[PDB]
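Colleague: Encoded as C-alpha cells, here's the structure I'll be asking about.
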Amino acid sequence: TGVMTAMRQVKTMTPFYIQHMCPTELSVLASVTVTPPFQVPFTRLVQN
Amino acid sequence: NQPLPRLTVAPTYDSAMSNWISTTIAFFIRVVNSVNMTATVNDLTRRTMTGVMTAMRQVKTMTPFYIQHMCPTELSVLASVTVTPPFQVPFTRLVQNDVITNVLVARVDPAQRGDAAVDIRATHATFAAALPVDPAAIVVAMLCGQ
Amino acid sequence: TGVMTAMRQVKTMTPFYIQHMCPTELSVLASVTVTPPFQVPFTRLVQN
Amino acid sequence: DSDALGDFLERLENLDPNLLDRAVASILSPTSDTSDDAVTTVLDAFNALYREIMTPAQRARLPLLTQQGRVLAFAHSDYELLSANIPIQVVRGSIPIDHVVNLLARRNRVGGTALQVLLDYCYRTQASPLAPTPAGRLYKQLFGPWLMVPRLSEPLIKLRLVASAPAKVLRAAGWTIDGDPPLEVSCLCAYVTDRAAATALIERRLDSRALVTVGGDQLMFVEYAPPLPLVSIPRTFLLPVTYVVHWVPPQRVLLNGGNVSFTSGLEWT
Amino acid sequence: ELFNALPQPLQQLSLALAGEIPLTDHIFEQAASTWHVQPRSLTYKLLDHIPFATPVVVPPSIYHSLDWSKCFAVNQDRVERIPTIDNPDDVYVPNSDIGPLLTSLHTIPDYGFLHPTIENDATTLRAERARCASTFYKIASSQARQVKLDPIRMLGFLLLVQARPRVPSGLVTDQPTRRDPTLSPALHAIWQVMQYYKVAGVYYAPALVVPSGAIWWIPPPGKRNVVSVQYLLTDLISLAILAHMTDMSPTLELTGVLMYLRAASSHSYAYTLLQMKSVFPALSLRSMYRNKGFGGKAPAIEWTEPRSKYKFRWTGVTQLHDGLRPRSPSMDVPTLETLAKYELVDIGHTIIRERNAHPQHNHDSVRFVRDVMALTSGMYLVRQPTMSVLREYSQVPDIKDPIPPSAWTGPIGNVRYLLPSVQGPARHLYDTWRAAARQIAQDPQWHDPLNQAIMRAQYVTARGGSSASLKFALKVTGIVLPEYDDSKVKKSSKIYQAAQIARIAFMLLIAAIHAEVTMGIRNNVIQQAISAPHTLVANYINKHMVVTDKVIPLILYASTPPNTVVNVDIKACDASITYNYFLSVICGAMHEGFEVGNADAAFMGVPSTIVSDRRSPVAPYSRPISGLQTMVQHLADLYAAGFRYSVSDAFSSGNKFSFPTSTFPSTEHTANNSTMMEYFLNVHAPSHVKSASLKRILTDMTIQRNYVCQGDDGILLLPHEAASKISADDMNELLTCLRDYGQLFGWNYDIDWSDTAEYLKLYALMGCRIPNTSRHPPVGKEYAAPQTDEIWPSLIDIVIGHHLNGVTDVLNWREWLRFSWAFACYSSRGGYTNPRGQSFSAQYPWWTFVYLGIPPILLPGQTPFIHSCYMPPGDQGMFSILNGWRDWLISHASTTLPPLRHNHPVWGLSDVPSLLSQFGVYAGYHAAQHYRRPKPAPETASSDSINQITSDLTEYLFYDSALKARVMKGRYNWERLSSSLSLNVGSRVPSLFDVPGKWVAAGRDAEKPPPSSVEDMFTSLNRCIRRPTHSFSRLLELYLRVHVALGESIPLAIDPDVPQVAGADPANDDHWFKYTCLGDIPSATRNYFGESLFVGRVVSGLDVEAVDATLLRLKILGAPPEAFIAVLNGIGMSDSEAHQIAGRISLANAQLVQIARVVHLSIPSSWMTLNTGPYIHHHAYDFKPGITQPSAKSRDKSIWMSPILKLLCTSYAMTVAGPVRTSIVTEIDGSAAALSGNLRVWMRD
Amino acid sequence: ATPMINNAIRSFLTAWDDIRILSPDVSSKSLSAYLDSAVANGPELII
Amino acid sequence: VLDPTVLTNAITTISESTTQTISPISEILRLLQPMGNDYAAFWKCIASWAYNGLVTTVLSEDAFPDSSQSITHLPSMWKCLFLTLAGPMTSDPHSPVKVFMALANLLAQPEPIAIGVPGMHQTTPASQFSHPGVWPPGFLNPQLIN
Amino acid sequence: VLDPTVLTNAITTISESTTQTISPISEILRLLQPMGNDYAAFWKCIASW
Amino acid sequence: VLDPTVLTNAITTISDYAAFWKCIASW
C-alpha cells in the first residue's frame, strides 16, 4: 500500500505533457518528415 | 492503570495481568485434562503438566503489579523527556470493525490534487513497521519479575 | 492407543492430494504417455 | 603526479579517436551535474588502459616511491598507489580551491583542455569513497614547522640518522673502497635547535626500524624494515621533506663498482 | 623373484602382514629395525627382480635440464622472483640440476647439501647469484619435502604388500586381486627412470629426505641430478600405490604415467601439472553418460522442508532412461584441445575409449570415474613465499560498472552514505547490510559479560593463528608500553601474547588508536577487535549458513538426474572484496544501520566519540555517534589503506618485505555470496535473458530455496521444470548472463555446469559420491616450512591419519589395510641422539596401533581379514576384538597356562591376562595412552612454577566485567561441595580456570623442545612398555563383562545395486555391505542425533563435550542441584542462566549419543558418514527377552544404561567384516544392576 | 567364526532378492520407448 | 528486576518420574531459554506502546506452534501456551486472532470449526491470520461453535 | 513430496515407560520402515489405476 | 526530461526510454 500510494502522488509532468504539449509537438513533427502520418481512427471501448 | 503508590509494594494477584495469567493457565489445565488429550498422553505425565502450570500461576511475580501501577507513571514521565513525543493511535481489543489497518500521513493537500473523495489509503502514505517479538522472552519477564 | 491416535491427527497432504490433485495428474498424463490407459471398471466389494 | 607519464596522455587520447560522438557527448557529462551513458564507454576505455600500462609502470617504480630516504609523493587517487602494491601511507586530499575551473584555463597542454576533464573524471571515479582529508592538515605538518624556522633567532644544528656499511661487503661486489673502514651512510638528516636531541638522542641507536641500504649504479635506496614512525622522532627535531640519501664520505668510494644490498642498525649524531 | 630377494625379517613380515602368520612382537620388531638400519636406496634394487611387460618407455629428455641461473633472477632489491619463461605463472620450480652447488656430507658421502661457502654469502653479502642459488636449493629440497616420509620408504611398503598374494579370507564376496606388479606401468617407469642413477651396480636415490629437507646426491662427472626426477618419482610412487588400492586397469594406469613423463620433460615439472590439473576429471567425471543408451539406477532423494533444516531423506530408486541424460556437452572438445598442446592426445583418446564402454550408471561405471580421478598428481606445489605473494595476493579486481562518485553523500567523518537514487546490485548489497546492522545495534545479546568473554576468546585463536610480528615496535606510534616477562618468557608473540601484551583496558583502549600501523602479519588482536561489528553483522547475514549431514546428503540430492544443477565457484573471493566497491558499501551500510542503537552507547570497550558530519552543504554539525560506529570509522580507515603484510619467507634468504594489499587470508566474502545471488535470480536475470522460457523459470525461484551458499562455493539447483532444460536456449543463456553479471562488480564467477555437483571439494555423480583420492594422496603431505617438525612419536599420529583418511574414501581395504599395517610398523622403531651424550630409542609393540584404530589382520585364533576397517578406535574397539575371540582364548588358556587361584569374573578360572600379556596386548594398550609430544619443560625464572605473570595476566583479558566473580564462585562452591560431601572427583570439572592455562599450553608449545624433555619422553615411554600394567583400564575391565552375540543381517536401507559411493561394489567386501545395510543420508530421529549439547555457548577454551558429559555424569549419580550450578558457574554462566540449564539436563529427553559420551563411548569418525541413527535405536538390543539372559536385565536404571549397552553392541557389529547385523546383549558376567553400580563407582572418579 | 559371517551373507543375499521382488528390474531400453513418444517417430505421411 | 531463577525453582521442583521417555518438565524449560537475553524484548514491547501508530509488535513467525503437529506434541503444546500468555503484551491488532488460531490449528482433527473465507482452512499456519476479514466467525461469536 | 520423518515424529513423541520389556513405540518404528524403503511403491499404486 | 530521481527517492523509503517515444511515435 505504501509503495503504490507514492507512485500515485509522485508529481510528473508527462500527464501534462501528453494532453497539452505533445499535440503541438506532434503536429509540427508531422510536416517535416518525408512520410506523412498514416492514421486509422482510434476506437475506444466499441465492439462493432 | 492505577495511580502510583507511595507505600511498600508486594506482589498482588488482583490485577488484570495476573487475572489474564491465571485464566489461560486454568484453560490449559482444562485442555490437558480433556478427552482427546487423555487418550494419547500417559496419565502420569499429564499430572506433571498440570503440576507445572498450577505451579506457574502461583509464582509471586511483581510484573503484573508493575503493568497496572508503576509502568504508566514510568511511561508518563519518559514521554516528556524523549527526543520524540509519543505518537499513539487508540487501542481496540477484539473489535472486528475497529481494527486500525493503516495509520497514514499525507504531505500533499488532496483537495488541490483533485483527490477530493478517494479513499485515504490512496492519498496518504502508510506506515509499515513491525517489530517482531518473542513470547518465551516475554513470558519469563511476565511470570518472573521481582 | 497413543501411537494410533498420533496417526489420525497427523496433518498429511495425501488424503487431500488423492481426492483433488491426483486425477488432474492422471487426466493429463494419459495423453502424454505413449500408451493410452487400458482400464476396466472398478468393483467395490460386490461378489458377482 | 603524472610522473607515470614519464614512460600516457597522448596514449589515452590515442585510445579514443575512434569513438566519435560518445567521446564528445561523453565529455559534456563530466562537466554537467548528471551522468550519461557516453561516460561509461570512455571510462571503460581508460580503465582497461590504466590496468595494462601504468600498473606495471607503477609497480616497477617501487623504491623511487618509498625508499629514497625520505620521499613525498603525489597521486591522482589511492587506487594509483594501491593497485601497484606500494607500501606508503595514502593521505587523501581535498583542496579548498575549485580545480575544474582552474583546469579549463590550462594553456599549452597535451591534447585540449577537454582532454584534461576526460582524464580528471576518469581519475575521480577510482577514488574509492573515503572522506577526503583536508590537504591543509598535511601541509601544516611537513611544510609546517619549516615556517617556524625564520623566527627561531638561533642557528640550526644538523644531526643525522646514519646507517653504517661494513667495508668488505662493498669490496666483495666488484666495488672498491678507501682504507677498508666501516662506511656510514646518512639515511635521514634532522635539525635540532639547542643541542637537546644530542644530549639524550645521540648514539642511542633506536633500532626498531632496522634500515637496509641498496647500492646500484648511481643511487642508493634505504628501506626501514621495522618502519620508522614519525611519533618516535622526538619533538624539536625538524626533519626536512624529501631527503635523498648521501654517503657521509663520498670520497671514500672508489670506482662505484658493482651492485649489492647490505643491512645496518642506525644512530643519530 | 621379489619375495626371496627381501631380507629375512621382511620376508617374515610380508608373510605375516599378508595373513599367513599372525604377527608377533618379534616379527614386528625385527621388521621394524630392518628398515631403519639398511640404506634407503637398497629398496630400489627390488624393482630389478620383477619382470616387466608394460609398454611404457621413458624418454631420455627427462635428465636434460635448463639451469637455475637463467631461471632465478633477483628482479627487485632483495626479492628472488623467478623470471618466468613464457608466463606470469611459470614460477613453481625450474627443472634444473643441483650439480654444482653441492658439497658432500661427511656422514653420508656422495650425498651433498647446500654449499657451505654459498650459504655464507647469502646470509652476509647478497650474491644475486649467491642468494639465487640458496633460494633454489631451499625450494627444490622443500618441493621434495612435501611427502609424509621418504617416498622411497613408501614404495618399500608396496613391495611388501605385493610380495605375496593375500591369503583368501573365506568370505563369499571376497575377490582376489587382479593387479599384477609385473604388469604395472607406474613401477615400471620407476625402474626405467632408476637406471640412470646407477654407479656400478648400486642405486643412488637422487634425494634422500631429512627432517630439515632433502639431501641431494652428488653425481659423478658426466651426469646431472635434475630436481624434477625426485618429484617424478614421488608422483610415480603415488600412482603405484593408488593403482594397487583401487584395482586400476593397466591400460588406464598407463595413460596417467605418460602424463607425468611429459611433465618432467618440459621446463618445469611443477608448472606443467598445474595447467593440466583439471584435465582428468573433465575427461571422465564431468563427461560421463552423454552417449545414447544411458540407464541404470539412481537414488530418489527428497527435499523435505527446503527453506531450512536441510533434511534430505532417501526415499526411493529411479530407473533411468534415454531421457534425463546430462544435457551439458562433453568436455572432450575443450580439455582434449588443452591436452593436445602437451602432446598427450593419445592419452586422451584412451580414456575416451574406456569411458564409451561404460554407457550406463553401474558399479563398474562409477568405479571407473574414481580410477581416472586418481590420476591427477596429488603432490603439493611449493612456490617461493615472496614469489607467491606477488602472483596471488596482489590482483586488484576489474569492475565493469563502478559506483560514480556523485552517488555518495557528503562525508561523515570517514565513511560515506549511499544515496537513495542509485539502484543496481550495489543498492541491494547496501540494503541487506544496513538492515542487518540495524538489527545488531538494538540487541541485548552482546551486552552480557559472558558474550564479551566469548568474543574475546574468538580473537586470540584457539586454533590457527599466524606469525604476527609484535606490538611495541608498532606502538612507538602510540604511547602505550606493553607487558614484558616477569620471569623468563617462552611464547613469542603468540596471538595469546598480543592479548597479554595489552590487556589493561579490556584488550583495547581508545588510547590505542594506533591499530592502523602494520596489519595482518603473515608470510592482530586489536584489529580483530576493531573488526567486531564487521563479523557481527556477517554472522547475521549467515543465519542460514556438518559435511557428513549437510553436504554429503546434499551433493547427492543435487546430483540426481531429475534436477539439473549449476555449481557456482567464485575464484579469488578474497581478492574481490575491495574498498573501491564492495567494502565501502559495507562500511557505509553498517554505519547507517548503527544509528538505531542508542547513539551514546559504548560498545565492547570503545566509547562513543563525536564526528564531523558534513553530509549537508548548508549545515555541517558535530554529531555524537555510537560506540559501534566508532569501530566503523576505524574500519574505514583500515580497509581503505589495505592490509600490510610483513612477509619474510625462510625459503628465499634475505627476502624481507612490506606488502600492502586488499585481501584477507573472515566470513564476509562468505556472507556476500548469498545476497549477491539473491539479486541475480530476482532482479537482474528476469531483467534480461532474452528467452521467454528462461524468464519463466527464474520467477518461481528464490534464494533460500534453490541456492546453498558456503564460503566461496555454492550450488544453484533449479526449480522443477528440470531435466527438460534446453541447453542451447536456457541453461547456456542463463550462464552467460550470470558470468557477465559478476563481472560488473569484480566477482569473477567461474561456472562449470554439468550433471555432477561440486560442493567444497566433494564431487558426486548421479546420486553417488565420488571420493577424490588425489585430494589427500598416500605419499603426499604438505609442510610449508623449511625445517619440519618430527621428533619421533609424531609419526604415529600421521599413520592413523593416513589410514583413517583413506577409509572415509572407499579405497579397497585388503590392499589398503595391509599397506597401512606395513607403514604402521615402520613407525614403531624410532630414536633420538643427544648432542653431548648417548643416543636413545623406543619400540612401540603392535596392539598400540589396534588401540589407535587400525584393525588387525590375523589374530592367532581366526581367519585373516574379518575385522573391518570401520572398527572404532580405543576401548570400543578393544572390547569389540576381545568380545570376538573370548570363546577362543579361554579355551586356549585352559589348555596351556595354569589356572589362577582366584576368579576373574569376566573370564573363568582359565587365566587369560597372563595370556594377553604373552601376546603383547597390555604392552600395546598402555603404550598408546602414553603421551607422544615432548612436554614443554617445567622451567620458570621463579617460584617453582608459581607466580607466572604471562599466564596469570592472560586471565585479565578474559575477566572483564566482574565475570571474574562467577568463576570464583564456581571453583569455591564446587570445592566446598565435592571434596567433602560426595561426588568427589579429585580433578577439576571443566571450569574457566583451565583455559588461561590452555592458552599457555597452546602457547608455550615451542619448537625444539630441549634435549632435557625429549629424553624424558623416551625414558618414560620405555618404562610403560617394559612394565605395562597387567590390569587393563577401568572402563574396559567393566565392558568385558558384556557378552555380545550378533544375529542375521538387518533389512537393507538401499536396493544394493544402485551405486551410492564410488566403488563400494562387491570388489569391496564390507564397504559395499556397511553402505547398503546401513544407508547414506545420515539424517535420523530427533531422539537420537538432533544436535543439542545443552549449553551451546562455550567460552572457547573448554571442550563442549567435556561440559556436556559432566553435566550428565552428575545426573547419573545422586547429584544435588547445587552441584549443577557450581559447575555451570565455573564455565562463567550467570546464576539465572545456569539454573535454566540445571533443570533441563534430564536423562529423559537426553540424546542417546550424549549418554554414551559419559563413559567415553563415542561414535567415531570412521562411520560418521553412515546412517547409524536408526540402527542403534531400532536394532542392536540391550535386552531381547528370549535370547538374552534375565541376569542381564538393567531394570530401573535402563534409561541411562541402555545407551551404553546399545553402543557396545554396535561397536562389535561394525568391527566384524560382513553385513551389519542385529547385535544382542546375550548376558553380562555379573548382573546388570551389579554393573550399573560398578560404573557409578567409576563415575565418581 | 568365519562361517557365521557367511551365514549372514546368505541373509544379506536373501534380502537383496527379496527387494528385487518388490518393484523388480526394468530394462531402461524398454523404458525409453514408453516415455517420449518421439522415439519410434511418425511415419512419413507427407511425401 | 527480572530474575528467572524463581520461575525455574517453581517448575523444576515438580516431582516427575525418570522412567518416561519424555519429561514434560524438561520440555518447558527447553523452549524457555537462557540465550543471554537480558529480556529487553519485554521493554521493546513496553516502549512500543507509545508508538503503536508507528510500530506494531507482531508475534514472531518462528515462535508459533507449527502445523503437522497435534496437541499431543509437548514442545508444540508449550509453544501454544506461551503464545497465549504473551498475547496482549504485543500491541498488534490481529494478535488475538493469532493466539486463538494457534490452538485451533493445533487440534484441527477433533474440533473442526469454520474459517470464514475460502483460500485458507483450519490447518492453515496461524501466522497468515493477519487480515481483519479472515477472522473466523466462531471466534467473533462463540455461539456459532457447537 | 513424501516426508517419512513426519510420521516418525508423531510416533516418537509418545511418552511410554522404559520399565517395560517389549516397548510398542519401537515395535512399529522398525516395522514401519519399508523393506528397501522405496516409497515409490505408492506411485506404482497410482500408476496402476 | 525523464529522470526517475523524483520517483526513486520516494519509493526507496519503503523498500533513453525508447519504449516511451516509440508508443508516442506510433500514434
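Following the order of the C-alpha cells, first chain is A, next is B, and so on, with residues numbered from 1 inside each chain and ligands from 1 in the order they appear.
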Could you write out as a VMD selection string the residues of chain B within 7 Å of chain G, counting only C-alpha atoms?

Modeller: chain B and resid 21 24 37 40 to 41 45 48 to 49 51 to 52 55 86 to 89 94 96 99 to 100 103 127 129 to 141 144 to 146

Colleague: Write down, as number ranges by chain, each residue of chain E that has any atom within 10 Å of an atom of chain H, counting only C-alpha atoms.

Modeller: E: 299-305, 311-318, 1050-1056, 1076-1077, 1083-1087, 1148, 1174-1175, 1177-1179, 1183-1185, 1193-1199, 1202

Colleague: After a least-squares superposition on chain A over all sequentially paired C-alpha atoms, what is chain C as an mmCIF file with C-alpha atoms, in the first residue's frame?

Modeller:
data_model
loop_
_atom_site.group_PDB
_atom_site.id
_atom_site.type_symbol
_atom_site.label_atom_id
_atom_site.label_comp_id
_atom_site.auth_asym_id
_atom_site.auth_seq_id
_atom_site.Cartn_x
_atom_site.Cartn_y
_atom_site.Cartn_z
ATOM 1 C CA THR C 1 -0.306 0.267 -0.148
ATOM 2 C CA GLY C 2 2.597 2.607 0.560
ATOM 3 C CA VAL C 3 4.423 1.787 -2.663
ATOM 4 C CA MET C 4 1.204 2.388 -4.589
ATOM 5 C CA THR C 5 0.289 5.605 -2.766
ATOM 6 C CA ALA C 6 3.763 6.924 -3.534
ATOM 7 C CA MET C 7 2.976 6.482 -7.227
ATOM 8 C CA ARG C 8 -0.119 8.660 -7.163
ATOM 9 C CA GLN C 9 1.579 11.490 -5.337
ATOM 10 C CA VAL C 10 4.704 11.698 -7.462
ATOM 11 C CA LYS C 11 4.789 14.962 -9.406
ATOM 12 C CA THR C 12 5.530 13.868 -12.944
ATOM 13 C CA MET C 13 5.314 16.051 -16.024
ATOM 14 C CA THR C 14 4.193 13.383 -18.503
ATOM 15 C CA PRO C 15 0.398 13.483 -17.797
ATOM 16 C CA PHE C 16 0.590 17.217 -18.359
ATOM 17 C CA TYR C 17 2.912 16.777 -21.324
ATOM 18 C CA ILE C 18 0.692 14.223 -23.090
ATOM 19 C CA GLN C 19 -2.357 16.451 -22.821
ATOM 20 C CA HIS C 20 -0.925 19.881 -23.649
ATOM 21 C CA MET C 21 2.619 19.837 -25.030
ATOM 22 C CA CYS C 22 2.592 16.581 -26.990
ATOM 23 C CA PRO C 23 0.073 17.347 -29.814
ATOM 24 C CA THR C 24 2.024 20.476 -30.669
ATOM 25 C CA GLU C 25 5.000 18.198 -31.291
ATOM 26 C CA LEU C 26 2.947 15.826 -33.420
ATOM 27 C CA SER C 27 1.352 18.656 -35.385
ATOM 28 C CA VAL C 28 4.707 20.190 -36.271
ATOM 29 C CA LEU C 29 6.625 16.978 -36.924
ATOM 30 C CA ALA C 30 3.955 15.712 -39.301
ATOM 31 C CA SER C 31 5.232 18.326 -41.743
ATOM 32 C CA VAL C 32 8.939 17.747 -41.122
ATOM 33 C CA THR C 33 9.126 13.988 -41.679
ATOM 34 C CA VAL C 34 9.429 12.605 -45.182
ATOM 35 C CA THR C 35 6.176 10.691 -44.769
ATOM 36 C CA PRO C 36 2.867 12.325 -43.863
ATOM 37 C CA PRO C 37 1.010 10.578 -41.032
ATOM 38 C CA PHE C 38 -1.007 7.588 -42.212
ATOM 39 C CA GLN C 39 -3.673 7.400 -39.533
ATOM 40 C CA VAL C 40 -6.910 5.549 -38.814
ATOM 41 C CA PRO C 41 -9.697 6.571 -36.353
ATOM 42 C CA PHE C 42 -9.278 5.321 -32.790
ATOM 43 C CA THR C 43 -11.848 3.060 -31.140
ATOM 44 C CA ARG C 44 -12.280 3.328 -27.375
ATOM 45 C CA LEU C 45 -13.680 -0.047 -26.260
ATOM 46 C CA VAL C 46 -16.458 -0.379 -28.867
ATOM 47 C CA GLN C 47 -16.577 -3.993 -29.991
ATOM 48 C CA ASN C 48 -18.141 -3.489 -33.398
#

Colleague: Considering only C-alpha atoms, extract the chain G residues located within 7 Å of chain C and return them as a ChimeraX atom specification.

Modeller: /G:68-70,109

Colleague: For range 25-32 of chain F, please output as a PyMOL selection string all residues within 12 Å (counting only C-alpha atoms; exclusion window: fewer than 4 positions along the same chain).

Modeller: (chain C and resi 33-34) or (chain E and resi 292-297+317-325+359-361+1055+1057-1058) or (chain F and resi 17+19-21+36-40)

Colleague: Could you write those residues out with N, CA and C atoms, as a compact mmCIF listing (two decimals), in the first residue's frame?

Modeller:
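What ended up in result.txt:
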# COMPACT_ATOMS: atom_id res chain seq x y z
N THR C 33 1.77 -40.09 -22.17
CA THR C 33 2.40 -41.39 -22.30
C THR C 33 2.17 -41.97 -23.69
N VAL C 34 3.01 -42.94 -24.05
CA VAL C 34 2.93 -43.50 -25.40
C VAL C 34 1.81 -44.52 -25.49
N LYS E 292 24.05 -42.34 -26.18
CA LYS E 292 22.72 -42.90 -26.10
C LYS E 292 22.77 -44.32 -25.56
N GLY E 293 21.71 -44.73 -24.88
CA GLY E 293 21.69 -45.99 -24.18
C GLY E 293 21.98 -45.89 -22.71
N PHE E 294 21.94 -44.69 -22.15
CA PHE E 294 22.20 -44.46 -20.73
C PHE E 294 21.01 -44.96 -19.93
N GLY E 295 21.28 -45.62 -18.82
CA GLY E 295 20.20 -46.08 -17.97
C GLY E 295 20.58 -47.16 -16.98
N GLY E 296 20.59 -46.81 -15.72
CA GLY E 296 20.80 -47.76 -14.65
C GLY E 296 19.86 -47.39 -13.54
N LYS E 297 20.37 -47.40 -12.32
CA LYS E 297 19.60 -46.98 -11.16
C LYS E 297 20.30 -45.82 -10.47
N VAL E 317 14.19 -45.44 -5.51
CA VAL E 317 15.10 -45.73 -6.61
C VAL E 317 14.42 -45.28 -7.89
N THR E 318 15.13 -44.49 -8.69
CA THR E 318 14.65 -44.19 -10.03
C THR E 318 15.26 -45.16 -11.02
N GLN E 319 14.51 -45.44 -12.08
CA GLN E 319 15.03 -46.19 -13.22
C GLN E 319 15.30 -45.19 -14.33
N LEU E 320 16.55 -45.09 -14.74
CA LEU E 320 16.94 -44.08 -15.70
C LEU E 320 16.55 -44.51 -17.11
N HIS E 321 16.71 -43.61 -18.07
CA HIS E 321 16.34 -43.88 -19.45
C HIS E 321 17.18 -43.01 -20.37
N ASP E 322 16.79 -42.98 -21.65
CA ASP E 322 17.50 -42.14 -22.61
C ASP E 322 17.16 -40.68 -22.39
N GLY E 323 15.96 -40.40 -21.91
CA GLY E 323 15.69 -39.10 -21.34
C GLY E 323 16.35 -38.96 -19.98
N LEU E 324 16.31 -37.74 -19.44
CA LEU E 324 17.11 -37.24 -18.32
C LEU E 324 18.58 -37.61 -18.43
N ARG E 325 19.14 -37.61 -19.64
CA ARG E 325 20.58 -37.65 -19.82
C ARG E 325 21.17 -36.32 -19.36
N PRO E 359 28.36 -47.23 -20.64
CA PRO E 359 27.29 -46.37 -21.14
C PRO E 359 26.20 -46.10 -20.12
N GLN E 360 26.10 -46.91 -19.07
CA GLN E 360 25.02 -46.77 -18.11
C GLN E 360 25.58 -46.80 -16.70
N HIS E 361 24.77 -46.31 -15.76
CA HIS E 361 25.21 -45.98 -14.41
C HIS E 361 25.26 -47.25 -13.54
N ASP E 1055 18.50 -50.44 -2.05
CA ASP E 1055 18.50 -51.53 -3.02
C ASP E 1055 19.91 -51.74 -3.54
N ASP E 1057 22.16 -52.35 -5.50
CA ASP E 1057 22.78 -52.29 -6.81
C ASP E 1057 22.62 -50.93 -7.47
N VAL E 1058 22.06 -49.94 -6.77
CA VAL E 1058 22.24 -48.54 -7.15
C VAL E 1058 23.58 -48.10 -6.58
N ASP F 17 17.43 -60.37 -2.98
CA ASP F 17 16.46 -60.99 -3.88
C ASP F 17 15.07 -60.99 -3.27
N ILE F 19 14.16 -57.68 -2.04
CA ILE F 19 13.93 -56.36 -2.60
C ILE F 19 13.60 -56.47 -4.08
N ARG F 20 14.31 -57.35 -4.80
CA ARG F 20 14.13 -57.41 -6.25
C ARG F 20 12.83 -58.12 -6.65
N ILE F 21 12.01 -58.53 -5.68
CA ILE F 21 10.64 -58.92 -5.99
C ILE F 21 9.73 -57.70 -5.90
N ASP F 36 9.05 -40.81 -23.92
CA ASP F 36 8.99 -39.86 -25.02
C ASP F 36 8.44 -40.59 -26.24
N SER F 37 7.36 -40.06 -26.81
CA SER F 37 6.69 -40.75 -27.91
C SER F 37 7.39 -40.48 -29.23
N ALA F 38 8.38 -39.59 -29.24
CA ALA F 38 9.03 -39.22 -30.48
C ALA F 38 10.20 -40.14 -30.82
N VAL F 39 10.37 -41.25 -30.10
CA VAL F 39 11.41 -42.21 -30.47
C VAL F 39 11.02 -42.93 -31.75
N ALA F 40 10.13 -43.92 -31.63
CA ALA F 40 9.51 -44.55 -32.80
C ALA F 40 8.60 -43.51 -33.42

Colleague: For CA of residue 370 in chain E and CA of residue 1059 in chain E, quote the distance in Å rounded to one decimal.

Modeller: 12.8 Å

Colleague: May I ask you to extract the residues of chain E within 10 Å of chain G, using only C-alpha atoms, and to give them as a PyMOL selection string?

Modeller: chain E and resi 442-451+1087+1094-1097+1133-1150+1196-1199

Colleague: Would you list the contacts of residue 455 in chain E as a VMD selection string, taking every protein, DNA or RNA residue within 12 Å and counting only C-alpha atoms, but skipping same-chain residues closer than 5 positions in sequence?

Modeller: chain E and resid 445 to 450 460 to 461 506 to 507 525 528 to 533 535 to 536 604 957 to 958 960 1097 to 1101

Colleague: Could you go through chain C and tell me which residues DSSP, when run on the backbone, assigns to helix (DSSP H, G or I), listing them as a list in words?

Modeller: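 Taking chain C and keeping helix (DSSP H, G or I) only, one gets residues 2, 3, 4, 5, 6, 7, 8, 14, 15, 16, 17, 18, 19, 20, 21, 22, 23, 24, 25, 26, 27 and 28 of chain C.
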
Colleague: Can you write just those residues out, C-alpha atoms, as a JSON list (two decimals), in the first residue's frame?

Modeller:
[["chain", "number", "residue", "atom", "x", "y", "z"],
["C", 2, "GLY", "CA", -1.18, -43.23, 21.74],
["C", 3, "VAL", "CA", 0.73, -44.44, 18.70],
["C", 4, "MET", "CA", -2.57, -44.95, 16.88],
["C", 5, "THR", "CA", -4.08, -41.62, 17.95],
["C", 6, "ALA", "CA", -0.95, -39.89, 16.69],
["C", 7, "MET", "CA", -1.68, -41.36, 13.25],
["C", 8, "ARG", "CA", -5.15, -39.86, 12.99],
["C", 14, "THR", "CA", -2.01, -37.29, 0.62],
["C", 15, "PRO", "CA", -5.74, -37.74, 1.51],
["C", 16, "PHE", "CA", -6.30, -34.29, 0.08],
["C", 17, "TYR", "CA", -3.97, -34.99, -2.84],
["C", 18, "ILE", "CA", -5.66, -38.27, -3.81],
["C", 19, "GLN", "CA", -9.09, -36.66, -3.89],
["C", 20, "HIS", "CA", -8.38, -33.33, -5.59],
["C", 21, "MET", "CA", -4.92, -33.03, -7.13],
["C", 22, "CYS", "CA", -4.32, -36.61, -8.27],
["C", 23, "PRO", "CA", -6.98, -37.04, -11.03],
["C", 24, "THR", "CA", -5.70, -33.90, -12.72],
["C", 25, "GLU", "CA", -2.34, -35.65, -12.96],
["C", 26, "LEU", "CA", -3.91, -38.81, -14.35],
["C", 27, "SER", "CA", -6.06, -36.90, -16.82],
["C", 28, "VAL", "CA", -3.09, -35.02, -18.25]]

Colleague: Using only C-alpha atoms, find each residue of chain B with at least one atom at most 10 Å away from an atom of chain A; report its shortest atom-to-atom pair and that distance in Å (one decimal), sort the rows by chain and rising residue number, and return the result as JSON lines.

Modeller:
{"residue": "B:102", "atom": "CA", "partner": "A:1", "partner_atom": "CA", "distance": 9.2}
{"residue": "B:104", "atom": "CA", "partner": "A:2", "partner_atom": "CA", "distance": 8.8}
{"residue": "B:106", "atom": "CA", "partner": "A:9", "partner_atom": "CA", "distance": 9.8}
{"residue": "B:107", "atom": "CA", "partner": "A:9", "partner_atom": "CA", "distance": 9.6}
{"residue": "B:108", "atom": "CA", "partner": "A:9", "partner_atom": "CA", "distance": 8.2}
{"residue": "B:110", "atom": "CA", "partner": "A:9", "partner_atom": "CA", "distance": 9.5}
{"residue": "B:113", "atom": "CA", "partner": "A:9", "partner_atom": "CA", "distance": 8.8}
{"residue": "B:120", "atom": "CA", "partner": "A:5", "partner_atom": "CA", "distance": 9.8}
{"residue": "B:121", "atom": "CA", "partner": "A:1", "partner_atom": "CA", "distance": 7.2}
{"residue": "B:122", "atom": "CA", "partner": "A:5", "partner_atom": "CA", "distance": 5.2}
{"residue": "B:123", "atom": "CA", "partner": "A:5", "partner_atom": "CA", "distance": 6.6}
{"residue": "B:124", "atom": "CA", "partner": "A:5", "partner_atom": "CA", "distance": 6.8}
{"residue": "B:125", "atom": "CA", "partner": "A:2", "partner_atom": "CA", "distance": 5.5}
{"residue": "B:126", "atom": "CA", "partner": "A:2", "partner_atom": "CA", "distance": 5.0}
{"residue": "B:127", "atom": "CA", "partner": "A:2", "partner_atom": "CA", "distance": 7.1}
{"residue": "B:128", "atom": "CA", "partner": "A:2", "partner_atom": "CA", "distance": 7.4}
